[PDB]
Structures are given as structure tokens and as C-alpha cells.
file target-v2.csv (CSV, C-alpha atoms and all ligand atoms)
chain,number,residue,atom,x,y,z
A,67,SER,CA,8.5,-52.1,31.1
A,68,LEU,CA,7.2,-51.7,27.5
A,69,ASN,CA,8.6,-49.4,24.9
A,70,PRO,CA,5.5,-47.6,23.5
A,71,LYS,CA,7.3,-47.1,20.2
A,72,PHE,CA,6.4,-50.7,19.4
A,73,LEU,CA,2.7,-50.5,20.3
A,74,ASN,CA,0.6,-49.5,17.3
A,75,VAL,CA,-2.4,-47.1,17.6
A,76,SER,CA,-4.9,-49.9,18.2
A,77,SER,CA,-2.9,-51.5,21.0
A,78,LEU,CA,-1.9,-48.3,22.7
A,79,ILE,CA,-5.5,-47.2,22.9
A,80,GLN,CA,-6.2,-50.6,24.6
A,81,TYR,CA,-3.4,-50.0,27.1
A,82,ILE,CA,-4.7,-46.5,27.8
A,83,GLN,CA,-8.1,-48.1,28.5
A,84,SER,CA,-7.0,-50.9,30.7
A,85,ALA,CA,-4.3,-48.8,32.6
A,86,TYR,CA,-6.1,-45.5,32.9
A,87,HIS,CA,-9.8,-45.3,31.8
A,88,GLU,CA,-11.1,-48.3,33.6
A,89,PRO,CA,-9.0,-47.6,36.8
A,90,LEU,CA,-10.1,-43.9,36.8
A,91,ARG,CA,-13.8,-44.8,36.3
A,92,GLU,CA,-13.8,-47.1,39.2
A,93,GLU,CA,-12.1,-44.7,41.6
A,94,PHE,CA,-14.5,-41.9,40.8
A,95,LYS,CA,-17.2,-44.3,42.2
A,96,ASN,CA,-15.3,-45.1,45.4
A,97,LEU,CA,-13.9,-41.7,46.1
A,98,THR,CA,-17.1,-39.6,45.4
A,99,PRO,CA,-18.9,-40.6,48.6
A,100,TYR,CA,-15.9,-39.7,50.7
A,101,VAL,CA,-15.6,-36.3,49.0
A,102,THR,CA,-19.2,-35.5,49.6
A,103,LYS,CA,-19.0,-36.6,53.2
A,104,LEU,CA,-16.1,-34.4,53.9
A,105,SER,CA,-17.9,-31.4,52.4
A,106,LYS,CA,-21.2,-32.1,54.2
A,107,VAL,CA,-19.5,-32.5,57.6
A,108,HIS,CA,-16.7,-29.9,57.5
A,109,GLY,CA,-18.0,-27.6,54.7
A,110,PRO,CA,-20.3,-25.7,57.1
A,111,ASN,CA,-17.2,-24.1,58.7
A,112,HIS,CA,-14.6,-24.7,56.0
A,113,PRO,CA,-16.1,-23.3,52.8
A,114,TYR,CA,-13.2,-24.3,50.7
A,115,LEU,CA,-14.0,-28.0,51.2
A,116,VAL,CA,-17.3,-27.2,49.4
A,117,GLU,CA,-15.4,-25.5,46.6
A,118,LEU,CA,-13.3,-28.6,46.5
A,119,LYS,CA,-16.4,-30.9,46.4
A,120,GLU,CA,-17.9,-28.7,43.6
A,121,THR,CA,-14.6,-28.6,41.7
A,122,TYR,CA,-13.9,-32.3,42.1
A,123,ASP,CA,-17.4,-33.0,40.9
A,124,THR,CA,-16.9,-30.9,37.8
A,125,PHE,CA,-13.5,-32.5,37.1
A,126,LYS,CA,-15.1,-35.9,37.7
A,127,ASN,CA,-18.0,-35.6,35.3
A,128,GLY,CA,-15.8,-33.8,32.9
A,129,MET,CA,-13.4,-36.8,32.8
A,130,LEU,CA,-16.2,-39.4,32.6
A,131,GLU,CA,-18.0,-37.8,29.6
A,132,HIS,CA,-14.6,-37.1,28.0
A,133,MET,CA,-13.5,-40.8,28.2
A,134,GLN,CA,-16.8,-41.9,26.8
A,135,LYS,CA,-16.3,-39.7,23.8
A,136,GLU,CA,-12.8,-41.1,23.4
A,137,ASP,CA,-13.8,-44.8,23.9
A,138,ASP,CA,-17.0,-44.8,21.9
A,139,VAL,CA,-16.4,-42.2,19.2
A,140,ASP,CA,-12.9,-40.7,18.9
A,141,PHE,CA,-10.4,-43.5,19.5
A,142,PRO,CA,-12.4,-45.5,16.8
A,143,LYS,CA,-11.5,-42.6,14.5
A,144,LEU,CA,-7.9,-42.5,15.5
A,145,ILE,CA,-7.7,-46.2,14.6
A,146,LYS,CA,-9.4,-46.1,11.3
A,147,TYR,CA,-7.3,-43.1,10.3
A,148,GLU,CA,-4.1,-45.1,11.0
A,149,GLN,CA,-5.8,-48.2,9.5
A,150,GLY,CA,-5.9,-46.0,6.3
A,151,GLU,CA,-9.6,-45.3,6.0
A,152,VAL,CA,-10.7,-41.7,5.3
A,153,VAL,CA,-11.4,-39.8,8.5
A,154,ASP,CA,-11.6,-36.2,7.4
A,155,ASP,CA,-12.1,-34.6,10.9
A,156,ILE,CA,-9.0,-36.4,12.3
A,157,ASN,CA,-7.5,-33.0,13.1
A,158,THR,CA,-10.8,-31.7,14.5
A,159,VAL,CA,-11.0,-34.7,16.8
A,160,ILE,CA,-7.5,-34.4,18.1
A,161,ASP,CA,-8.0,-30.7,18.7
A,162,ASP,CA,-11.2,-31.1,20.8
A,163,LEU,CA,-9.4,-33.8,22.8
A,164,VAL,CA,-6.6,-31.5,23.9
A,165,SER,CA,-9.0,-28.7,24.6
A,166,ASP,CA,-10.5,-31.2,27.0
A,167,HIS,CA,-7.1,-32.2,28.5
A,168,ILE,CA,-6.1,-28.5,28.9
A,169,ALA,CA,-9.4,-27.8,30.6
A,170,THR,CA,-9.4,-30.8,33.0
A,171,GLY,CA,-5.8,-29.7,33.7
A,172,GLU,CA,-6.5,-26.2,34.9
A,173,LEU,CA,-9.2,-27.9,37.0
A,174,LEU,CA,-6.6,-30.2,38.6
A,175,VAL,CA,-4.7,-27.0,39.3
A,176,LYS,CA,-7.7,-25.6,41.1
A,177,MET,CA,-8.1,-28.6,43.3
A,178,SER,CA,-4.3,-28.6,44.1
A,179,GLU,CA,-4.5,-25.0,45.1
A,180,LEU,CA,-7.5,-25.3,47.4
A,181,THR,CA,-6.0,-28.3,49.2
A,182,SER,CA,-2.5,-26.6,49.3
A,183,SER,CA,-1.1,-29.5,47.3
A,184,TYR,CA,-3.1,-32.1,49.3
A,185,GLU,CA,-1.5,-31.6,52.6
A,186,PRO,CA,-4.2,-31.8,55.2
A,187,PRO,CA,-4.2,-29.4,58.2
A,188,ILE,CA,-3.3,-31.1,61.4
A,189,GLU,CA,-7.0,-30.8,62.5
A,190,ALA,CA,-7.9,-33.1,59.7
A,191,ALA,CA,-8.4,-36.7,60.5
A,192,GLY,CA,-10.2,-39.7,59.1
A,193,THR,CA,-12.1,-38.9,55.9
A,194,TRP,CA,-10.5,-35.5,55.4
A,195,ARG,CA,-7.0,-37.0,55.1
A,196,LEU,CA,-8.2,-40.0,53.0
A,197,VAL,CA,-9.9,-37.7,50.5
A,198,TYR,CA,-6.7,-35.6,50.1
A,199,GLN,CA,-4.6,-38.8,49.8
A,200,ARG,CA,-6.8,-40.3,47.1
A,201,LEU,CA,-7.1,-37.0,45.1
A,202,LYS,CA,-3.3,-36.6,45.1
A,203,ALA,CA,-2.9,-40.1,43.6
A,204,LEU,CA,-5.8,-39.3,41.1
A,205,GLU,CA,-4.0,-36.1,40.1
A,206,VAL,CA,-0.9,-38.2,39.4
A,207,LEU,CA,-2.9,-40.9,37.5
A,208,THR,CA,-4.6,-38.3,35.4
A,209,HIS,CA,-1.3,-36.5,34.5
A,210,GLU,CA,0.2,-39.8,33.3
A,211,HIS,CA,-2.9,-40.8,31.3
A,212,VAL,CA,-3.1,-37.4,29.4
A,213,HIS,CA,0.7,-37.3,28.9
A,214,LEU,CA,0.5,-40.7,27.3
A,215,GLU,CA,-2.4,-39.7,25.0
A,216,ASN,CA,-1.0,-36.3,24.2
A,217,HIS,CA,2.7,-37.0,23.7
A,218,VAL,CA,2.4,-40.7,22.5
A,219,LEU,CA,-0.9,-41.6,21.0
A,220,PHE,CA,-1.8,-38.3,19.4
A,221,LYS,CA,1.6,-38.1,17.7
A,222,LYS,CA,1.4,-41.6,16.1
A,223,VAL,CA,-1.4,-40.3,13.9
A,224,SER,CA,0.0,-36.8,13.3
B,67,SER,CA,7.1,-46.5,32.0
B,68,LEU,CA,4.5,-48.8,30.5
B,69,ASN,CA,3.3,-51.9,32.3
B,70,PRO,CA,2.9,-55.0,30.1
B,71,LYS,CA,0.3,-56.6,32.4
B,72,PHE,CA,-2.4,-54.2,31.1
B,73,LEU,CA,-2.2,-55.4,27.5
B,74,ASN,CA,-4.6,-58.1,26.6
B,75,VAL,CA,-3.6,-61.3,24.8
B,76,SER,CA,-4.0,-59.7,21.3
B,77,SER,CA,-2.4,-56.4,22.0
B,78,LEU,CA,0.5,-58.1,23.8
B,79,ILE,CA,1.0,-60.5,20.9
B,80,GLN,CA,1.3,-57.5,18.6
B,81,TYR,CA,3.9,-56.1,20.9
B,82,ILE,CA,5.9,-59.3,20.9
B,83,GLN,CA,5.9,-59.3,17.1
B,84,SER,CA,7.0,-55.7,16.6
B,85,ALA,CA,9.4,-55.4,19.4
B,86,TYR,CA,11.0,-58.9,19.3
B,87,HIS,CA,10.1,-61.2,16.4
B,88,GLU,CA,10.7,-58.8,13.5
B,89,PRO,CA,13.9,-57.5,15.1
B,90,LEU,CA,15.3,-61.0,15.8
B,91,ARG,CA,14.6,-62.1,12.2
B,92,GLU,CA,16.3,-59.0,10.7
B,93,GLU,CA,19.3,-59.4,13.0
B,94,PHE,CA,19.7,-63.1,12.0
B,95,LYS,CA,19.9,-61.9,8.4
B,96,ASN,CA,22.7,-59.4,9.3
B,97,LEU,CA,24.7,-61.3,11.9
B,98,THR,CA,24.8,-64.8,10.3
B,99,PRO,CA,27.5,-63.9,7.7
B,100,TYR,CA,29.9,-62.6,10.4
B,101,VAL,CA,29.6,-65.7,12.5
B,102,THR,CA,30.4,-67.8,9.4
B,103,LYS,CA,33.3,-65.6,8.5
B,104,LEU,CA,34.8,-65.5,12.0
B,105,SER,CA,34.4,-69.3,12.1
B,106,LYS,CA,36.2,-69.6,8.7
B,107,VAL,CA,39.1,-67.3,9.7
B,108,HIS,CA,40.2,-67.8,13.3
B,109,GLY,CA,38.2,-71.0,13.5
B,110,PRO,CA,41.1,-73.3,12.5
B,111,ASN,CA,43.5,-71.5,14.9
B,112,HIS,CA,40.8,-72.0,17.6
B,113,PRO,CA,38.2,-74.8,17.0
B,114,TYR,CA,35.7,-73.7,19.7
B,115,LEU,CA,34.9,-70.9,17.4
B,116,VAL,CA,33.4,-73.4,14.9
B,117,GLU,CA,31.6,-75.1,17.8
B,118,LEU,CA,30.1,-71.6,18.1
B,119,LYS,CA,29.1,-71.3,14.5
B,120,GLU,CA,27.3,-74.6,14.6
B,121,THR,CA,25.7,-73.8,17.9
B,122,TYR,CA,24.6,-70.3,16.8
B,123,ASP,CA,23.2,-71.7,13.6
B,124,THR,CA,21.1,-74.3,15.5
B,125,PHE,CA,19.8,-71.6,17.8
B,126,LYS,CA,19.1,-69.4,14.7
B,127,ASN,CA,17.1,-72.0,12.7
B,128,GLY,CA,15.4,-72.8,16.0
B,129,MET,CA,14.2,-69.4,16.9
B,130,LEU,CA,13.2,-68.7,13.2
B,131,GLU,CA,10.9,-71.8,12.9
B,132,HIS,CA,9.6,-71.4,16.4
B,133,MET,CA,8.6,-67.8,15.8
B,134,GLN,CA,6.7,-68.8,12.6
B,135,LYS,CA,4.9,-71.5,14.6
B,136,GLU,CA,3.8,-68.7,17.0
B,137,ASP,CA,3.0,-66.2,14.3
B,138,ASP,CA,1.1,-68.5,12.0
B,139,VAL,CA,-0.6,-71.1,14.2
B,140,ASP,CA,-0.3,-70.5,17.9
B,141,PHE,CA,-0.6,-66.8,18.5
B,142,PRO,CA,-3.9,-67.2,16.5
B,143,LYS,CA,-5.0,-70.2,18.8
B,144,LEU,CA,-4.3,-67.9,21.8
B,145,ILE,CA,-6.3,-64.9,20.5
B,146,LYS,CA,-9.2,-67.1,19.5
B,147,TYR,CA,-9.1,-68.6,23.0
B,148,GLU,CA,-9.0,-65.3,24.8
B,149,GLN,CA,-11.8,-64.3,22.4
B,150,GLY,CA,-13.9,-67.1,23.8
B,151,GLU,CA,-14.0,-69.6,20.9
B,152,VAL,CA,-13.5,-73.2,21.8
B,153,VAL,CA,-9.7,-73.9,21.7
B,154,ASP,CA,-8.8,-77.1,23.3
B,155,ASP,CA,-5.2,-78.0,22.6
B,156,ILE,CA,-4.5,-74.8,24.5
B,157,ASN,CA,-2.2,-76.2,27.3
B,158,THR,CA,-0.8,-78.5,24.7
B,159,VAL,CA,0.3,-75.3,22.9
B,160,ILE,CA,1.5,-73.5,26.0
B,161,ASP,CA,3.5,-76.6,26.9
B,162,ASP,CA,5.1,-77.1,23.6
B,163,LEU,CA,6.0,-73.4,23.4
B,164,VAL,CA,7.9,-73.7,26.6
B,165,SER,CA,9.4,-77.0,25.3
B,166,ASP,CA,10.9,-74.7,22.7
B,167,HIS,CA,11.8,-71.9,25.2
B,168,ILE,CA,13.6,-74.3,27.5
B,169,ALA,CA,15.3,-75.5,24.3
B,170,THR,CA,16.7,-72.1,23.2
B,171,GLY,CA,17.3,-71.7,26.9
B,172,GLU,CA,20.1,-74.2,27.5
B,173,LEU,CA,21.3,-73.5,24.0
B,174,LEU,CA,22.0,-69.8,24.7
B,175,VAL,CA,23.9,-70.9,27.8
B,176,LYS,CA,26.3,-72.9,25.6
B,177,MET,CA,27.0,-70.1,23.1
B,178,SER,CA,27.8,-68.0,26.1
B,179,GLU,CA,30.0,-70.6,27.7
B,180,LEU,CA,31.8,-71.3,24.4
B,181,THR,CA,32.7,-67.6,24.2
B,182,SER,CA,34.3,-67.1,27.6
B,183,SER,CA,31.3,-65.1,28.7
B,184,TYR,CA,31.3,-63.1,25.5
B,185,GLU,CA,34.8,-62.1,26.5
B,186,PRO,CA,37.0,-61.9,23.5
B,187,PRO,CA,40.7,-62.9,23.7
B,188,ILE,CA,43.5,-60.4,23.3
B,189,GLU,CA,44.1,-61.8,19.8
B,190,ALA,CA,40.5,-60.7,18.8
B,191,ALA,CA,40.1,-57.8,16.5
B,192,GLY,CA,37.6,-56.5,14.0
B,193,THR,CA,35.2,-59.3,13.0
B,194,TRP,CA,35.9,-61.3,16.2
B,195,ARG,CA,34.9,-58.4,18.6
B,196,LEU,CA,31.8,-57.4,16.6
B,197,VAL,CA,30.3,-60.9,16.6
B,198,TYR,CA,30.7,-61.4,20.4
B,199,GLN,CA,29.1,-58.0,21.0
B,200,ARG,CA,26.2,-58.6,18.6
B,201,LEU,CA,25.7,-62.1,20.1
B,202,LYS,CA,25.6,-61.0,23.7
B,203,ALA,CA,23.2,-58.3,22.3
B,204,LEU,CA,21.0,-61.0,20.7
B,205,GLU,CA,21.3,-63.1,23.9
B,206,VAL,CA,19.6,-60.5,26.0
B,207,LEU,CA,16.8,-59.7,23.5
B,208,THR,CA,15.9,-63.3,23.6
B,209,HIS,CA,15.8,-63.3,27.4
B,210,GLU,CA,13.4,-60.4,27.2
B,211,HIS,CA,11.4,-61.9,24.4
B,212,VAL,CA,11.0,-65.3,26.0
B,213,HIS,CA,10.5,-63.8,29.5
B,214,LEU,CA,7.7,-61.7,28.2
B,215,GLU,CA,5.9,-64.6,26.6
B,216,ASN,CA,6.5,-67.0,29.5
B,217,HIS,CA,5.4,-65.0,32.5
B,218,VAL,CA,2.9,-62.6,30.8
B,219,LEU,CA,1.3,-63.8,27.6
B,220,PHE,CA,1.2,-67.5,28.7
B,221,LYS,CA,0.1,-66.7,32.2
B,222,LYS,CA,-2.6,-64.6,30.7
B,223,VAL,CA,-4.5,-67.5,29.2
B,224,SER,CA,-3.5,-69.8,32.1
C,1,FE,FE,-8.3,-41.1,27.9
C,2,FE,FE,-8.0,-38.2,27.5
C,3,FE,FE,8.2,-65.6,20.2
C,4,FE,FE,8.8,-67.9,21.8
C,5,O,O,-9.0,-39.0,29.7
C,6,ZN,ZN,-24.1,-35.6,32.1

call {"tool": "encode", "arguments": {"input": "target-v2.csv", "output": "C-alpha cells", "more": "lines below"}}
Ligand SMILES: [Fe+3]
Ligand SMILES: [Fe+3]
Ligand SMILES: [Fe+3]
Ligand SMILES: [Fe+3]
Ligand SMILES: [O]
Ligand SMILES: [Zn+2]
result
Amino acid sequence: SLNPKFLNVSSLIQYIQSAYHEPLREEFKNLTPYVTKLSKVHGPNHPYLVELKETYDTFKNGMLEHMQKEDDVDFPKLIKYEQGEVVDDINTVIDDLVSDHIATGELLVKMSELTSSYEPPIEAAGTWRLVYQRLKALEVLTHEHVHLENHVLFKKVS
Amino acid sequence: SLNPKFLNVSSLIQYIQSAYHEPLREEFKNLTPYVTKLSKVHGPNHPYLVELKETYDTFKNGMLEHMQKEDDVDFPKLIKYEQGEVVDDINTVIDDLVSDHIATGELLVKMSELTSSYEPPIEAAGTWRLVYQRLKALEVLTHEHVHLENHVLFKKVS
């Protein structure tokens, strides 16, 4: 059980990528077909499952583009700033990054509302219950991720 | 709390250095005079105290040179190996580094045995109680330090 205090910016970014980015990206690939099946089968008579599908999709692609910007563009800046080099939009960067976290957040709220905190109705079975199950764990994984970035990584630079 | 398995060999090595190596060095600066003093004072009265001074000093000079071996020659050889460059001598390193861990190992046992189990007599006061506390302190940081290397960093490359 590491103390993050002792991880520098470059290594903490690494941990965030191995523990959160790469695990999230993979799950978004495995879950997505289940989430679309649930909406195609039981959406016809449960419309909220389609709102769930549509919301999950938006949260999903929101994450994936966001991470790409962090990995390929914005974490490199967070490093070179703490590596001394002049990065004059460091405050801009960090601001857009929380704008993104906030927004993905109120999206996770929406999914948690629609599912009633991921408790299936009894008349759910099979896919329906797995979808809820995995989303709940994804909601948890996403909160940890962003809390680590927000309250650890973004404070080492500012 | 953070999971060390997700760090790669180079991020983990940085962690070892900040969290363990640089602390241990700085503590050896601070604690060494007290050991010598407690040995000088109540050491005649009780000789096992000077057995302790000489045992601690051996474990000190040991750790110190062994961490410089890792910092200057062997944590490089491990990074360059994880990075894909051709490092033979790799298991020769991993095997000497545990040769030195197993060493500090049975040595820390003896310091602990010498000093009841870091239990100070009823005669002890001031100097004598600080040293035992700071040693049992130091004794546990080394367990963490050499358990991290042994079962994470070394099992990463192996
Ligand atoms: Fe991220
Ligand atoms: Fe993020
Ligand atoms: Fe070490
Ligand atoms: Fe070591
Ligand atoms: O993220
Ligand atoms: Zn797109």
C-alpha cells in the first residue's frame, strides 16, 4: 500500500495509467456490447434502459477522448512543468481537466439515478443484472481515478 | 490506497528511493551518535549494549553501501533490462541483491535479540529509551524496504 506522497509527478501519472486508464479502456470494450444488448432487447418496453444506453455511451466516449488528451497531450505538460520547463498554459490545462471530471461526474449521477443505484428490478436476469453490476464497479473505479488525479496529481503541480 | 504492483520497474525504483533509501540514509546520520553514546555510558555497566553498537554499525555500513550499489549500478541495470536493452548478469544481480537482503535479514534479528525485543530495562531512561524506539522504528522500515524490492521489483523482471 503505497504512500503517494513519495511518488513524483512522472511516476504518479504512470500509476494512474496502469491502474485506471488502461483498465477502464479495456472494460469499455467488454461492457459496451452487453449495454447495447440490454437496450435493444428490453428497451422497447423499458425506455429508461435506452436512456441508460445513450447516457453510458456519452459517458464512455467522453472518458475515452478525455484520457487520450491526458495521455498524449496534457500529462506530458504536467511533467515538463514539474520538470521545470516553461509550460505557460499549465493552469489552463488543469482547468479543462476538472471541467471534464465535473462533467463526467454529473453523467455518472445520471446513470446512477436511472438504474436506482444499480439495483436491478427482480424481473431482471442475465444481461440486465450483469450490466448494472459492471457499471456500479465502473462508477467506483471512475471515482477513485478522478479523486487521485484531482486531489493528488493536480496538487503536486499547483 | 495505492497498489505497488501497477508501477513499472522504473517508477517503482523511484518510489524505493524517495520512500526508503533517502530516509534510511538520513536516519543513519541522526541515530548513529545516540547508539554510540548509549554504548559509551551504560555499555560498561551492561556489555550487551556494546554488542549492539557494533552490530548496528555493521548493519548501518551494510545498508549504506548496499543502497549505493542499487542506486548507482543495479537499479540502472534493471531499468535498462525492463527497457529491452541486453542485460545479461541480470539474475546474477537479483541473486546478489538478495544475498545482501538475507544478510541485513539475520543481522536485524540479532539487534532485536540483543535488546530484549526492543524492550528497555527499568534502569533505562533518556538516551536509552530513544535509541530502542528509533531502532525498532528503523527495523520496520527495512522490512518494508526489502519486502518491496524482494517480492515486487525483483519479481517484476523475473
Ligand atoms: Fe485519467
Ligand atoms: Fe481524468
Ligand atoms: Fe534498497
Ligand atoms: Fe535492498
Ligand atoms: O480520466
Ligand atoms: Zn469521437

call {"tool": "interface_residues", "arguments": {"input": "target-v2.csv", "of": "chain B", "to": "chain A", "cutoff": "7 Å", "atoms": "all atoms listed in the file", "output": "MDAnalysis selection string"}}
result
chainID B and resid 67:70 72:73 77 81 84:85

call {"tool": "write_last_selection", "arguments": {"input": "target-v2.csv", "atoms": "C-alpha atoms", "output": "compact mmCIF listing (two decimals), keeping the file's coordinate frame"}}
result
# COMPACT_ATOMS: atom_id res chain seq x y z
CA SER B 67 7.10 -46.50 32.00
CA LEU B 68 4.50 -48.80 30.50
CA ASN B 69 3.30 -51.90 32.30
CA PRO B 70 2.90 -55.00 30.10
CA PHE B 72 -2.40 -54.20 31.10
CA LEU B 73 -2.20 -55.40 27.50
CA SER B 77 -2.40 -56.40 22.00
CA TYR B 81 3.90 -56.10 20.90
CA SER B 84 7.00 -55.70 16.60
CA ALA B 85 9.40 -55.40 19.40

call {"tool": "residues_around", "arguments": {"input": "target-v2.csv", "residues": "residue 183 of chain B", "least_positions_apart": "5", "cutoff": "9 Å", "atoms": "all atoms listed in the file", "output": "MDAnalysis selection string"}}
result
chainID B and resid 177:178 202

call {"tool": "write_last_selection", "arguments": {"input": "target-v2.csv", "atoms": "C-alpha atoms", "output": "compact mmCIF listing (two decimals), in the frame of the given file"}}
result
# COMPACT_ATOMS: atom_id res chain seq x y z
CA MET B 177 27.00 -70.10 23.10
CA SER B 178 27.80 -68.00 26.10
CA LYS B 202 25.60 -61.00 23.70

call {"tool": "residues_around", "arguments": {"input": "target-v2.csv", "residues": "segment 155-158 of chain B", "least_positions_apart": "5", "cutoff": "8 Å", "atoms": "all atoms listed in the file", "output": "PyMOL selection string"}}
result
chain B and resi 143-144+147

call {"tool": "residues_around", "arguments": {"input": "target-v2.csv", "residues": "segment 116-119 of chain A", "least_positions_apart": "6", "cutoff": "8 Å", "atoms": "all atoms listed in the file", "output": "list in words"}}
result
residues 101, 102, 105, 106, 109, 177, 180 and 181 of chain A

call {"tool": "residues_near_ligand", "arguments": {"input": "target-v2.csv", "ligand": "ligand O 5 (chain C)", "cutoff": "9 Å", "atoms": "only C-alpha atoms and all ligand atoms", "output": "count of residues only"}}
result
18

call {"tool": "residues_around", "arguments": {"input": "target-v2.csv", "residues": "residue 97 of chain A", "least_positions_apart": "5", "cutoff": "10 Å", "atoms": "all atoms listed in the file", "output": "PyMOL selection string"}}
result
chain A and resi 92+102+196-197+200-201+204

call {"tool": "closest_residue", "arguments": {"input": "target-v2.csv", "among": "A:150, A:99, A:113, A:128", "to": "ligand FE 2 (chain C)", "atoms": "all atoms listed in the file"}}
result
A:128

call {"tool": "atom_distance", "arguments": {"input": "target-v2.csv", "atom1": "atom CA of residue 98 of chain A", "atom2": "atom CA of residue 122 of chain A"}}
result
8.6 Å

call {"tool": "closest_residue", "arguments": {"input": "target-v2.csv", "among": "A:189, A:172, A:131, A:162", "to": "residue 216 of chain A", "atoms": "all atoms listed in the file"}}
result
A:162

call {"tool": "closest_residue", "arguments": {"input": "target-v2.csv", "among": "B:91, B:195, B:176, B:112", "to": "ligand FE 3 (chain C)", "atoms": "only C-alpha atoms and all ligand atoms"}}
result
B:91

call {"tool": "atom_distance", "arguments": {"input": "target-v2.csv", "atom1": "atom CA of residue 179 of chain A", "atom2": "atom CA of residue 114 of chain A"}}
result
10.4 Å

call {"tool": "atom_distance", "arguments": {"input": "target-v2.csv", "atom1": "atom CA of residue 75 of chain A", "atom2": "atom CA of residue 148 of chain A"}}
result
7.1 Å

call {"tool": "closest_residue", "arguments": {"input": "target-v2.csv", "among": "A:126, A:222, A:100, A:205", "to": "ligand ZN 6 (chain C)", "atoms": "only C-alpha atoms and all ligand atoms"}}
result
A:126

call {"tool": "closest_residue", "arguments": {"input": "target-v2.csv", "among": "A:160, A:93, A:169, A:152", "to": "residue 220 of chain A", "atoms": "all atoms listed in the file"}}
result
A:160

call {"tool": "decode", "arguments": {"input": "target-v2.csv", "residues": "segment 116-183 of chain B", "atoms": "C-alpha atoms", "output": "PDB file, in the first residue's frame"}}
result
ATOM      1  CA  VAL B 116      28.185  -2.523  23.079  1.00  0.00           C
ATOM      2  CA  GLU B 117      27.490  -5.734  21.248  1.00  0.00           C
ATOM      3  CA  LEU B 118      24.554  -3.687  19.957  1.00  0.00           C
ATOM      4  CA  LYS B 119      26.655  -0.714  18.917  1.00  0.00           C
ATOM      5  CA  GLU B 120      28.948  -2.926  16.888  1.00  0.00           C
ATOM      6  CA  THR B 121      26.033  -4.884  15.429  1.00  0.00           C
ATOM      7  CA  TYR B 122      24.122  -1.730  14.484  1.00  0.00           C
ATOM      8  CA  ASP B 123      27.234  -0.185  12.937  1.00  0.00           C
ATOM      9  CA  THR B 124      27.745  -3.279  10.796  1.00  0.00           C
ATOM     10  CA  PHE B 125      24.104  -3.200   9.666  1.00  0.00           C
ATOM     11  CA  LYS B 126      24.454   0.556   9.027  1.00  0.00           C
ATOM     12  CA  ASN B 127      27.610   0.401   6.866  1.00  0.00           C
ATOM     13  CA  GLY B 128      25.967  -2.572   5.206  1.00  0.00           C
ATOM     14  CA  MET B 129      22.708  -0.921   4.178  1.00  0.00           C
ATOM     15  CA  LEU B 130      24.546   2.239   3.128  1.00  0.00           C
ATOM     16  CA  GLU B 131      26.952   0.560   0.701  1.00  0.00           C
ATOM     17  CA  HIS B 132      24.220  -1.804  -0.500  1.00  0.00           C
ATOM     18  CA  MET B 133      21.855   1.046  -1.351  1.00  0.00           C
ATOM     19  CA  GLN B 134      24.607   2.788  -3.316  1.00  0.00           C
ATOM     20  CA  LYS B 135      25.163  -0.461  -5.221  1.00  0.00           C
ATOM     21  CA  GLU B 136      21.463  -0.354  -6.130  1.00  0.00           C
ATOM     22  CA  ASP B 137      21.308   3.385  -6.810  1.00  0.00           C
ATOM     23  CA  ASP B 138      24.413   3.569  -8.985  1.00  0.00           C
ATOM     24  CA  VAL B 139      24.886   0.240 -10.729  1.00  0.00           C
ATOM     25  CA  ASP B 140      21.958  -2.150 -10.268  1.00  0.00           C
ATOM     26  CA  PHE B 141      18.760  -0.131 -10.383  1.00  0.00           C
ATOM     27  CA  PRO B 142      20.137   1.128 -13.719  1.00  0.00           C
ATOM     28  CA  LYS B 143      20.821  -2.460 -14.916  1.00  0.00           C
ATOM     29  CA  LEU B 144      17.184  -3.307 -14.049  1.00  0.00           C
ATOM     30  CA  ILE B 145      15.672  -0.307 -15.837  1.00  0.00           C
ATOM     31  CA  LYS B 146      17.811  -0.890 -18.954  1.00  0.00           C
ATOM     32  CA  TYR B 147      16.640  -4.521 -18.844  1.00  0.00           C
ATOM     33  CA  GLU B 148      12.927  -3.715 -18.479  1.00  0.00           C
ATOM     34  CA  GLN B 149      13.571  -1.183 -21.262  1.00  0.00           C
ATOM     35  CA  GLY B 150      14.608  -4.066 -23.522  1.00  0.00           C
ATOM     36  CA  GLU B 151      18.362  -3.490 -23.848  1.00  0.00           C
ATOM     37  CA  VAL B 152      20.551  -6.567 -23.493  1.00  0.00           C
ATOM     38  CA  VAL B 153      21.359  -7.025 -19.808  1.00  0.00           C
ATOM     39  CA  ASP B 154      22.760 -10.412 -19.060  1.00  0.00           C
ATOM     40  CA  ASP B 155      24.119 -10.522 -15.497  1.00  0.00           C
ATOM     41  CA  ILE B 156      20.503  -9.895 -14.535  1.00  0.00           C
ATOM     42  CA  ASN B 157      19.871 -12.932 -12.314  1.00  0.00           C
ATOM     43  CA  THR B 158      23.431 -12.513 -11.075  1.00  0.00           C
ATOM     44  CA  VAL B 159      22.290  -9.090  -9.841  1.00  0.00           C
ATOM     45  CA  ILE B 160      18.922 -10.228  -8.457  1.00  0.00           C
ATOM     46  CA  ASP B 161      20.768 -13.042  -6.685  1.00  0.00           C
ATOM     47  CA  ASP B 162      23.447 -10.868  -5.119  1.00  0.00           C
ATOM     48  CA  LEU B 163      20.872  -8.307  -4.073  1.00  0.00           C
ATOM     49  CA  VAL B 164      19.083 -10.941  -2.047  1.00  0.00           C
ATOM     50  CA  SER B 165      22.465 -12.212  -0.807  1.00  0.00           C
ATOM     51  CA  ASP B 166      22.603  -8.723   0.780  1.00  0.00           C
ATOM     52  CA  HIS B 167      18.950  -8.752   1.870  1.00  0.00           C
ATOM     53  CA  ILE B 168      19.335 -12.142   3.541  1.00  0.00           C
ATOM     54  CA  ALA B 169      22.400 -10.591   5.174  1.00  0.00           C
ATOM     55  CA  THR B 170      20.723  -7.498   6.680  1.00  0.00           C
ATOM     56  CA  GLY B 171      17.993 -10.024   7.444  1.00  0.00           C
ATOM     57  CA  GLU B 172      19.642 -12.267  10.061  1.00  0.00           C
ATOM     58  CA  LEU B 173      21.529  -9.130  11.257  1.00  0.00           C
ATOM     59  CA  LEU B 174      18.345  -7.224  12.213  1.00  0.00           C
ATOM     60  CA  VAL B 175      17.270 -10.332  14.127  1.00  0.00           C
ATOM     61  CA  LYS B 176      20.350 -10.056  16.306  1.00  0.00           C
ATOM     62  CA  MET B 177      19.953  -6.353  17.081  1.00  0.00           C
ATOM     63  CA  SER B 178      16.398  -7.215  18.081  1.00  0.00           C
ATOM     64  CA  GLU B 179      17.504 -10.198  20.195  1.00  0.00           C
ATOM     65  CA  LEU B 180      20.275  -8.164  21.854  1.00  0.00           C
ATOM     66  CA  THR B 181      17.715  -5.590  23.018  1.00  0.00           C
ATOM     67  CA  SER B 182      15.180  -7.909  24.705  1.00  0.00           C
ATOM     68  CA  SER B 183      12.764  -7.341  21.808  1.00  0.00           C
TER      69      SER B 183
END
